[PDB]
Every structure is written in C-alpha cells, then in structure tokens.
Amino acid sequence: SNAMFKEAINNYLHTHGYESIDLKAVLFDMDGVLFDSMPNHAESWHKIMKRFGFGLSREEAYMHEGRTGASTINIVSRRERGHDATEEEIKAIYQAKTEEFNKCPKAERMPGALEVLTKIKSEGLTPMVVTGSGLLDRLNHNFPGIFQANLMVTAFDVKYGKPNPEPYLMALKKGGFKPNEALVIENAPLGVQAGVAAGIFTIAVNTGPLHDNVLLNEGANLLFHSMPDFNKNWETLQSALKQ
Ligand SMILES: [Mg+2]
C-alpha cells in the first residue's frame, strides 16, 4: 500500500510536528498479536466472572482487551452493584481466572508473527513486548532470541494499563526511544487508544471478532486485516517510513 502508507505517515508527522519517523523500535502487543491467546482469555474471563456472580460476555472481554483485571472487574461491579469490588474480591477473581486460563496454557503463535519479528531483528531494529498481561521463557521458546527482559513491559512494570498510554511510554523510556522512532502494533481498541495517546505511530491488526471500525475509531494510523497481512507488507512499510 505504498501511497496509502505515505498518507498515514505524513498525517502523523504533520499532527505531531515531526520531520520524519526514524525507525529504531517496534513495540508489539502480546495477546492477539504474538500469540493467539484471546479466545482462551475471553472464555476464562467470561466463565470466572460468571462464577463470582458477574455478567461479562466473551465479546465484552474482547472490548476490555488490555485493561487491568481490576479495572475490568470494577466496571462490571459498578454497573451491577453500584460500587467497586473489594481488594479481596479482585484478588480472588484474578487468581481463579489465571488458573482457568492455565487449563489450556499453550496459545499458538500468530501466523506471520515469527516471520515479521525475524525481519525486524535482521534490520537492526529493536523489538519490544508491551502487555497488560500478568512468560519470557514462553516468549523465548516461540520467538528465539527476539525479545529482551530489559526491553519488555508487563502488568507488573506499570501502575496504569491500557487505554492509559503508560505501558507504551514505559516502553519508550526503557528502550531509550523517542515517539517518532517507534511503531505500536496493536489488535484491540483500548490498546490502539493507548498507543495513539502515547503519540507513537499506531498500527492496528484486526485478529479478533470485532469490526475494523472499533480499531479505526481509536485513531489507528494504519490497519491490517491479519498478522500475515502485516508481515507481507513489512518491507513496503519500512521503505515508506525511511525518509
Ligand atoms: Mg491484544
């Protein structure tokens, strides 16, 4: 999409007051981008919330993809009960959800993910993982030598999660990058919102059940239809980004 890429790039540069994107880093969301883990996460959240007397559908779990467990629990609690959940409730729910997910731990790699990461690493770029998930052994086994511990952001690295820009800002800080030196690769509306709020060129890759518009409406600079789509377009995109 050569000319489409330039339009997105130039719009981003104009609205932020940059001369160019000087690409050094690519910040990947984990769930639904690196691993096809969302079906399990959505079902686990739905089932565990039901066990605790709360109604969270699989689809609403997708809408809340990236959000801290506490914020998700509190959204549902406030609306059903008119108050936030207690610390005790939140800890119990998260524990049950963790255990439930682990009944089926091994999410597949997303097709196209290992291939695109290898191209990015080959080019001298720094891949990073940014996740609201609470795994480097699992990452190592699936993406060998791609990611580094000092270059990852997880639920325990940061106070506020998506859609707060904090996870992505922490990624730039950890990696020593400026916002115009990175790309965010996201698959969920709250993830897209966080990347856009962090002022980094944000690419949506729709790997789930939601409409493209859900991602576009959060200000994604570009959208691909799948991780293989993203992978196939990497060469053209990196070229478009080089001034
Ligand atoms: Mg995700």
# chains A, B, ... in the order shown; residues from 1 in each chain; ligands from 1

$ residues_near_ligand --ligand "ligand 1" --cutoff "12 Å" --atoms "only C-alpha atoms and all ligand atoms" --output "VMD selection string"
chain A and resid 28 to 39 41 to 42 61 to 67 110 129 to 133 162 to 163 184 to 195 204 to 208 215

$ write_last_selection --atoms "N, CA and C atoms" --output "compact mmCIF listing (two decimals), in the first residue's frame"
# COMPACT_ATOMS: atom_id res chain seq x y z
N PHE A 28 5.43 -4.40 20.21
CA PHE A 28 4.33 -5.35 19.96
C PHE A 28 3.48 -5.61 21.17
N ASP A 29 2.17 -5.43 20.99
CA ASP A 29 1.30 -6.06 21.94
C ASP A 29 1.49 -7.60 21.96
N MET A 30 1.19 -8.27 23.09
CA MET A 30 1.32 -9.74 23.10
C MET A 30 0.05 -10.54 22.68
N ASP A 31 -0.99 -10.44 23.49
CA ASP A 31 -2.20 -11.24 23.25
C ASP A 31 -2.94 -10.78 21.99
N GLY A 32 -3.18 -11.73 21.07
CA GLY A 32 -3.83 -11.39 19.82
C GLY A 32 -2.93 -10.76 18.78
N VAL A 33 -1.61 -10.70 19.06
CA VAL A 33 -0.64 -10.17 18.08
C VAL A 33 0.50 -11.17 17.93
N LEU A 34 1.17 -11.47 19.05
CA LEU A 34 2.19 -12.54 19.11
C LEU A 34 1.62 -13.94 19.28
N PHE A 35 0.66 -14.08 20.20
CA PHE A 35 0.04 -15.35 20.49
C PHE A 35 -1.45 -15.28 20.20
N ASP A 36 -2.03 -16.38 19.72
CA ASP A 36 -3.47 -16.39 19.52
C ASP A 36 -4.11 -16.85 20.86
N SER A 37 -3.99 -15.99 21.87
CA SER A 37 -4.42 -16.30 23.24
C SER A 37 -5.80 -15.73 23.60
N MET A 38 -6.35 -14.85 22.76
CA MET A 38 -7.58 -14.16 23.19
C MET A 38 -8.82 -15.08 23.35
N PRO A 39 -9.00 -16.06 22.45
CA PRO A 39 -10.15 -16.94 22.70
C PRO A 39 -10.16 -17.53 24.11
N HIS A 41 -8.43 -16.29 26.81
CA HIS A 41 -8.61 -15.19 27.78
C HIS A 41 -10.10 -14.79 27.89
N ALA A 42 -10.76 -14.57 26.75
CA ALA A 42 -12.20 -14.18 26.75
C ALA A 42 -13.13 -15.20 27.42
N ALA A 61 -15.40 -9.03 26.98
CA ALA A 61 -13.98 -9.32 27.29
C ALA A 61 -13.04 -8.84 26.18
N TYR A 62 -13.45 -9.07 24.93
CA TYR A 62 -12.69 -8.55 23.79
C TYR A 62 -12.65 -7.01 23.83
N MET A 63 -13.78 -6.36 24.13
CA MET A 63 -13.80 -4.90 24.22
C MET A 63 -12.83 -4.37 25.28
N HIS A 64 -12.73 -5.10 26.40
CA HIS A 64 -11.82 -4.77 27.52
C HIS A 64 -10.39 -5.33 27.38
N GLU A 65 -10.08 -5.95 26.23
CA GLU A 65 -8.73 -6.47 25.97
C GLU A 65 -7.66 -5.41 26.27
N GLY A 66 -6.67 -5.75 27.10
CA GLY A 66 -5.64 -4.82 27.52
C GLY A 66 -5.83 -4.13 28.85
N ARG A 67 -7.07 -4.07 29.32
CA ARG A 67 -7.41 -3.34 30.55
C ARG A 67 -6.91 -4.16 31.75
N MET A 110 0.86 -16.50 16.53
CA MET A 110 0.08 -15.95 15.41
C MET A 110 0.88 -16.21 14.15
N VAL A 129 8.10 -6.10 23.69
CA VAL A 129 6.74 -6.60 24.02
C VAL A 129 6.13 -5.68 25.06
N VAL A 130 4.86 -5.31 24.85
CA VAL A 130 4.11 -4.44 25.78
C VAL A 130 2.73 -5.05 26.08
N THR A 131 2.55 -5.55 27.30
CA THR A 131 1.35 -6.36 27.58
C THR A 131 0.73 -5.98 28.89
N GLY A 132 -0.61 -5.98 28.89
CA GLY A 132 -1.41 -5.79 30.08
C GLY A 132 -1.55 -7.12 30.78
N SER A 133 -0.91 -8.14 30.20
CA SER A 133 -0.96 -9.49 30.76
C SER A 133 -0.07 -9.57 31.99
N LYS A 162 -3.54 -0.16 29.62
CA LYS A 162 -4.35 0.30 28.51
C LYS A 162 -5.78 0.56 29.03
N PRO A 163 -6.44 1.67 28.57
CA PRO A 163 -6.02 2.54 27.49
C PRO A 163 -5.11 3.70 27.93
N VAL A 184 3.76 1.13 17.13
CA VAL A 184 2.99 0.27 18.04
C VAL A 184 2.18 -0.68 17.15
N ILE A 185 2.25 -1.96 17.48
CA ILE A 185 1.45 -3.00 16.75
C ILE A 185 0.41 -3.53 17.73
N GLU A 186 -0.86 -3.19 17.48
CA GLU A 186 -1.96 -3.45 18.40
C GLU A 186 -3.13 -4.15 17.71
N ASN A 187 -3.95 -4.88 18.49
CA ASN A 187 -5.12 -5.56 17.88
C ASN A 187 -6.44 -5.21 18.57
N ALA A 188 -6.40 -4.39 19.62
CA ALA A 188 -7.61 -4.12 20.41
C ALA A 188 -7.86 -2.61 20.54
N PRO A 189 -9.13 -2.21 20.68
CA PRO A 189 -9.41 -0.78 20.69
C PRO A 189 -8.69 -0.08 21.84
N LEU A 190 -8.68 -0.65 23.04
CA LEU A 190 -8.04 0.08 24.18
C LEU A 190 -6.51 0.15 24.03
N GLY A 191 -5.94 -0.86 23.36
CA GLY A 191 -4.50 -0.90 23.00
C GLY A 191 -4.16 0.18 21.98
N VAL A 192 -4.99 0.30 20.94
CA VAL A 192 -4.83 1.32 19.92
C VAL A 192 -4.90 2.69 20.61
N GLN A 193 -5.90 2.86 21.48
CA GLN A 193 -6.09 4.14 22.18
C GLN A 193 -4.83 4.54 22.96
N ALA A 194 -4.23 3.55 23.65
CA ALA A 194 -3.00 3.76 24.46
C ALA A 194 -1.83 4.19 23.56
N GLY A 195 -1.65 3.49 22.43
CA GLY A 195 -0.54 3.80 21.50
C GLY A 195 -0.71 5.23 20.95
N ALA A 204 -3.03 -0.93 13.71
CA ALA A 204 -3.97 -1.94 14.16
C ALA A 204 -3.89 -3.17 13.25
N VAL A 205 -3.96 -4.33 13.87
CA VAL A 205 -4.04 -5.60 13.12
C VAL A 205 -5.24 -6.31 13.72
N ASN A 206 -6.28 -6.46 12.92
CA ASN A 206 -7.55 -7.00 13.44
C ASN A 206 -7.52 -8.52 13.45
N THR A 207 -7.23 -9.13 14.60
CA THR A 207 -7.09 -10.58 14.63
C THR A 207 -8.25 -11.20 15.37
N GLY A 208 -9.25 -10.38 15.73
CA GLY A 208 -10.35 -10.90 16.55
C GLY A 208 -11.71 -10.77 15.90
N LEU A 215 -11.37 -0.34 15.84
CA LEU A 215 -9.93 -0.04 15.89
C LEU A 215 -9.62 1.31 15.25

$ select_by_dssp --residues "stretch 13-196 of chain A" --states "alpha helix (DSSP H)" --output "count of residues only"
87

$ residues_around --residues "residue A:69" --least-positions-apart "3" --cutoff "8 Å" --atoms "only C-alpha atoms" --output "NGL selection string"
:A and (72-73 or 90 or 94)

$ closest_residue --among "A:103, A:27, A:3, A:165" --to "residue A:152" --atoms "only C-alpha atoms"
A:27

$ closest_residue --among "A:231, A:238, A:44, A:126" --to "residue A:100" --atoms "only C-alpha atoms"
A:44

$ atom_distance --atom1 "atom CA of residue A:168" --atom2 "atom CA of residue A:153"
8.0 Å

$ residues_around --residues "residue A:25" --least-positions-apart "6" --cutoff "12 Å" --atoms "only C-alpha atoms" --output "number ranges by chain"
A: 117, 120-121, 123-129, 147, 151, 168, 171-185, 200-201, 238

$ residues_around --residues "residue A:122" --least-positions-apart "6" --cutoff "12 Å" --atoms "only C-alpha atoms" --output "VMD selection string"
chain A and resid 115 to 116 145 to 146 235

$ write_last_selection --atoms "C-alpha atoms" --output "CSV table (one decimal), in the first residue's frame"
chain,number,residue,atom,x,y,z
A,115,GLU,CA,8.5,-14.2,10.3
A,116,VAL,CA,8.0,-10.4,10.8
A,145,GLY,CA,16.4,-14.5,20.7
A,146,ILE,CA,13.9,-11.9,19.6
A,235,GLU,CA,9.2,-4.4,3.5

$ residues_around --residues "residue A:232" --least-positions-apart "3" --cutoff "12 Å" --atoms "only C-alpha atoms" --output "PDB file with N, CA and C atoms, in the first residue's frame"
ATOM      1  N   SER A   1       0.830  -1.245   0.000  1.00  0.00           N
ATOM      2  CA  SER A   1       0.000   0.000   0.000  1.00  0.00           C
ATOM      3  C   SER A   1       0.840   1.260   0.000  1.00  0.00           C
ATOM      4  N   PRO A 111       0.250 -16.803  13.105  1.00  0.00           N
ATOM      5  CA  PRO A 111       0.947 -16.911  11.835  1.00  0.00           C
ATOM      6  C   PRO A 111       1.397 -15.512  11.379  1.00  0.00           C
ATOM      7  N   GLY A 112       2.607 -15.457  10.837  1.00  0.00           N
ATOM      8  CA  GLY A 112       3.223 -14.210  10.416  1.00  0.00           C
ATOM      9  C   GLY A 112       4.035 -13.538  11.503  1.00  0.00           C
ATOM     10  N   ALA A 113       3.794 -13.856  12.780  1.00  0.00           N
ATOM     11  CA  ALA A 113       4.491 -13.102  13.865  1.00  0.00           C
ATOM     12  C   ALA A 113       6.004 -13.422  13.906  1.00  0.00           C
ATOM     13  N   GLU A 115       7.881 -14.657  11.560  1.00  0.00           N
ATOM     14  CA  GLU A 115       8.496 -14.169  10.344  1.00  0.00           C
ATOM     15  C   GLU A 115       8.743 -12.656  10.376  1.00  0.00           C
ATOM     16  N   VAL A 116       7.740 -11.871  10.744  1.00  0.00           N
ATOM     17  CA  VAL A 116       7.950 -10.422  10.792  1.00  0.00           C
ATOM     18  C   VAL A 116       8.987  -9.984  11.849  1.00  0.00           C
ATOM     19  N   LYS A 119      12.444 -10.429  10.498  1.00  0.00           N
ATOM     20  CA  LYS A 119      12.803  -9.396   9.508  1.00  0.00           C
ATOM     21  C   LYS A 119      13.234  -8.154  10.290  1.00  0.00           C
ATOM     22  N   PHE A 224      -4.191  -3.363   9.332  1.00  0.00           N
ATOM     23  CA  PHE A 224      -4.073  -4.624   8.520  1.00  0.00           C
ATOM     24  C   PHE A 224      -5.068  -5.660   8.981  1.00  0.00           C
ATOM     25  N   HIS A 225      -5.414  -6.563   8.078  1.00  0.00           N
ATOM     26  CA  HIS A 225      -6.522  -7.484   8.339  1.00  0.00           C
ATOM     27  C   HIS A 225      -6.099  -8.744   9.113  1.00  0.00           C
ATOM     28  N   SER A 226      -4.784  -8.963   9.243  1.00  0.00           N
ATOM     29  CA  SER A 226      -4.257 -10.176   9.890  1.00  0.00           C
ATOM     30  C   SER A 226      -2.754  -9.993  10.106  1.00  0.00           C
ATOM     31  N   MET A 227      -2.168 -10.851  10.923  1.00  0.00           N
ATOM     32  CA  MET A 227      -0.709 -10.776  11.104  1.00  0.00           C
ATOM     33  C   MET A 227       0.023 -11.214   9.815  1.00  0.00           C
ATOM     34  N   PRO A 228      -0.486 -12.247   9.102  1.00  0.00           N
ATOM     35  CA  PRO A 228       0.168 -12.460   7.795  1.00  0.00           C
ATOM     36  C   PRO A 228       0.148 -11.245   6.838  1.00  0.00           C
ATOM     37  N   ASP A 229      -0.940 -10.478   6.852  1.00  0.00           N
ATOM     38  CA  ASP A 229      -1.097  -9.242   6.059  1.00  0.00           C
ATOM     39  C   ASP A 229      -0.003  -8.244   6.473  1.00  0.00           C
ATOM     40  N   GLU A 235       8.111  -5.000   4.391  1.00  0.00           N
ATOM     41  CA  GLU A 235       9.152  -4.406   3.513  1.00  0.00           C
ATOM     42  C   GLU A 235       8.723  -3.054   2.933  1.00  0.00           C
ATOM     43  N   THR A 236       7.499  -3.013   2.407  1.00  0.00           N
ATOM     44  CA  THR A 236       6.925  -1.779   1.805  1.00  0.00           C
ATOM     45  C   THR A 236       6.725  -0.722   2.872  1.00  0.00           C
ATOM     46  N   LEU A 237       6.308  -1.155   4.056  1.00  0.00           N
ATOM     47  CA  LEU A 237       6.049  -0.193   5.112  1.00  0.00           C
ATOM     48  C   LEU A 237       7.368   0.393   5.604  1.00  0.00           C
ATOM     49  N   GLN A 238       8.348  -0.470   5.911  1.00  0.00           N
ATOM     50  CA  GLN A 238       9.658   0.038   6.365  1.00  0.00           C
ATOM     51  C   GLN A 238      10.270   1.013   5.337  1.00  0.00           C
TER      52      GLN A 238
END

$ decode --residues "stretch 117-159 of chain A" --atoms "N, CA and C atoms" --output "JSON list (two decimals), in the first residue's frame"
[["chain", "number", "residue", "atom", "x", "y", "z"],
["A", 117, "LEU", "N", 9.02, -10.65, 13.00],
["A", 117, "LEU", "CA", 9.99, -10.35, 14.07],
["A", 117, "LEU", "C", 11.40, -10.64, 13.58],
["A", 118, "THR", "N", 11.56, -11.71, 12.80],
["A", 118, "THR", "CA", 12.91, -12.05, 12.28],
["A", 118, "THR", "C", 13.38, -10.99, 11.28],
["A", 119, "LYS", "N", 12.44, -10.43, 10.50],
["A", 119, "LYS", "CA", 12.80, -9.40, 9.51],
["A", 119, "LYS", "C", 13.23, -8.15, 10.29],
["A", 120, "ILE", "N", 12.45, -7.83, 11.31],
["A", 120, "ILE", "CA", 12.68, -6.61, 12.14],
["A", 120, "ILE", "C", 14.04, -6.71, 12.84],
["A", 121, "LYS", "N", 14.29, -7.84, 13.48],
["A", 121, "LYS", "CA", 15.59, -8.10, 14.14],
["A", 121, "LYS", "C", 16.76, -8.02, 13.13],
["A", 122, "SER", "N", 16.59, -8.59, 11.94],
["A", 122, "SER", "CA", 17.61, -8.59, 10.89],
["A", 122, "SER", "C", 17.99, -7.17, 10.45],
["A", 123, "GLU", "N", 17.01, -6.28, 10.48],
["A", 123, "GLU", "CA", 17.18, -4.91, 10.03],
["A", 123, "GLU", "C", 17.87, -4.05, 11.07],
["A", 124, "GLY", "N", 18.18, -4.64, 12.24],
["A", 124, "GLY", "CA", 18.85, -3.88, 13.28],
["A", 124, "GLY", "C", 17.91, -3.13, 14.18],
["A", 125, "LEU", "N", 16.61, -3.36, 14.01],
["A", 125, "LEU", "CA", 15.58, -2.76, 14.85],
["A", 125, "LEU", "C", 15.37, -3.52, 16.17],
["A", 126, "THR", "N", 14.84, -2.82, 17.17],
["A", 126, "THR", "CA", 14.62, -3.40, 18.49],
["A", 126, "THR", "C", 13.17, -3.79, 18.72],
["A", 127, "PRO", "N", 12.87, -5.10, 18.71],
["A", 127, "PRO", "CA", 11.50, -5.47, 19.01],
["A", 127, "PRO", "C", 11.29, -5.38, 20.54],
["A", 128, "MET", "N", 10.10, -4.96, 20.95],
["A", 128, "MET", "CA", 9.75, -4.94, 22.38],
["A", 128, "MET", "C", 8.37, -5.54, 22.52],
["A", 129, "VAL", "N", 8.10, -6.10, 23.69],
["A", 129, "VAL", "CA", 6.74, -6.60, 24.02],
["A", 129, "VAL", "C", 6.13, -5.68, 25.06],
["A", 130, "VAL", "N", 4.86, -5.31, 24.85],
["A", 130, "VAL", "CA", 4.11, -4.44, 25.78],
["A", 130, "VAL", "C", 2.73, -5.05, 26.08],
["A", 131, "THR", "N", 2.55, -5.55, 27.30],
["A", 131, "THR", "CA", 1.35, -6.36, 27.58],
["A", 131, "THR", "C", 0.73, -5.98, 28.89],
["A", 132, "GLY", "N", -0.61, -5.98, 28.89],
["A", 132, "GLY", "CA", -1.41, -5.79, 30.08],
["A", 132, "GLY", "C", -1.55, -7.12, 30.78],
["A", 133, "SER", "N", -0.91, -8.14, 30.20],
["A", 133, "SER", "CA", -0.96, -9.49, 30.76],
["A", 133, "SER", "C", -0.07, -9.57, 31.99],
["A", 134, "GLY", "N", -0.57, -10.32, 32.98],
["A", 134, "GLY", "CA", 0.22, -10.75, 34.12],
["A", 134, "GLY", "C", 0.22, -12.35, 34.06],
["A", 135, "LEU", "N", 6.90, -15.42, 31.54],
["A", 135, "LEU", "CA", 6.42, -15.52, 30.16],
["A", 135, "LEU", "C", 7.55, -15.27, 29.14],
["A", 136, "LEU", "N", 8.67, -14.72, 29.60],
["A", 136, "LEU", "CA", 9.88, -14.58, 28.76],
["A", 136, "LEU", "C", 10.47, -15.95, 28.37],
["A", 137, "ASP", "N", 10.32, -16.96, 29.24],
["A", 137, "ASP", "CA", 10.57, -18.36, 28.86],
["A", 137, "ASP", "C", 9.63, -18.81, 27.71],
["A", 138, "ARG", "N", 8.34, -18.49, 27.84],
["A", 138, "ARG", "CA", 7.37, -18.77, 26.77],
["A", 138, "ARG", "C", 7.66, -17.94, 25.51],
["A", 139, "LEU", "N", 7.99, -16.68, 25.70],
["A", 139, "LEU", "CA", 8.41, -15.85, 24.58],
["A", 139, "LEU", "C", 9.68, -16.37, 23.93],
["A", 140, "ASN", "N", 10.65, -16.78, 24.76],
["A", 140, "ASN", "CA", 11.93, -17.31, 24.26],
["A", 140, "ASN", "C", 11.74, -18.56, 23.42],
["A", 141, "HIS", "N", 10.85, -19.46, 23.86],
["A", 141, "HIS", "CA", 10.60, -20.73, 23.20],
["A", 141, "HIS", "C", 9.93, -20.55, 21.82],
["A", 142, "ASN", "N", 9.17, -19.46, 21.68],
["A", 142, "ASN", "CA", 8.36, -19.23, 20.48],
["A", 142, "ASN", "C", 9.00, -18.22, 19.53],
["A", 143, "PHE", "N", 9.78, -17.31, 20.09],
["A", 143, "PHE", "CA", 10.44, -16.25, 19.30],
["A", 143, "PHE", "C", 11.93, -16.20, 19.72],
["A", 144, "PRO", "N", 12.70, -17.22, 19.34],
["A", 144, "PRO", "CA", 14.02, -17.41, 19.97],
["A", 144, "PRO", "C", 14.98, -16.23, 19.70],
["A", 145, "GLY", "N", 15.51, -15.65, 20.77],
["A", 145, "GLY", "CA", 16.44, -14.53, 20.70],
["A", 145, "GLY", "C", 15.88, -13.20, 20.22],
["A", 146, "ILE", "N", 14.55, -13.09, 20.13],
["A", 146, "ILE", "CA", 13.92, -11.88, 19.57],
["A", 146, "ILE", "C", 13.77, -10.82, 20.66],
["A", 147, "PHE", "N", 13.25, -11.21, 21.83],
["A", 147, "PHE", "CA", 12.94, -10.25, 22.89],
["A", 147, "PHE", "C", 13.92, -10.31, 24.04],
["A", 148, "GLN", "N", 14.06, -9.17, 24.72],
["A", 148, "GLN", "CA", 14.99, -8.99, 25.86],
["A", 148, "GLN", "C", 14.21, -8.55, 27.12],
["A", 149, "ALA", "N", 14.58, -9.06, 28.30],
["A", 149, "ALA", "CA", 13.94, -8.71, 29.60],
["A", 149, "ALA", "C", 13.97, -7.24, 29.96],
["A", 150, "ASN", "N", 15.08, -6.59, 29.64],
["A", 150, "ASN", "CA", 15.16, -5.17, 29.92],
["A", 150, "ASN", "C", 14.29, -4.39, 28.94],
["A", 151, "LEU", "N", 13.78, -5.08, 27.91],
["A", 151, "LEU", "CA", 13.03, -4.44, 26.82],
["A", 151, "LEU", "C", 11.61, -5.00, 26.67],
["A", 152, "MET", "N", 10.97, -5.15, 27.82],
["A", 152, "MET", "CA", 9.61, -5.65, 27.90],
["A", 152, "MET", "C", 8.83, -4.87, 28.94],
["A", 153, "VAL", "N", 7.53, -4.75, 28.70],
["A", 153, "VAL", "CA", 6.67, -4.03, 29.63],
["A", 153, "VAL", "C", 5.48, -4.95, 29.88],
["A", 154, "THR", "N", 5.27, -5.28, 31.15],
["A", 154, "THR", "CA", 4.18, -6.17, 31.54],
["A", 154, "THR", "C", 3.34, -5.53, 32.64],
["A", 155, "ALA", "N", 2.26, -6.21, 33.01],
["A", 155, "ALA", "CA", 1.35, -5.73, 34.03],
["A", 155, "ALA", "C", 2.10, -5.27, 35.28],
["A", 156, "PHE", "N", 3.21, -5.92, 35.63],
["A", 156, "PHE", "CA", 3.93, -5.55, 36.86],
["A", 156, "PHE", "C", 5.00, -4.46, 36.68],
["A", 157, "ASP", "N", 5.18, -3.99, 35.45],
["A", 157, "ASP", "CA", 6.13, -2.92, 35.17],
["A", 157, "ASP", "C", 5.49, -1.56, 35.43],
["A", 158, "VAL", "N", 4.15, -1.51, 35.39],
["A", 158, "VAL", "CA", 3.42, -0.23, 35.37],
["A", 158, "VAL", "C", 2.16, -0.21, 36.25],
["A", 159, "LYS", "N", 1.80, 0.98, 36.73],
["A", 159, "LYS", "CA", 0.64, 1.15, 37.62],
["A", 159, "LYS", "C", -0.65, 1.12, 36.81]]
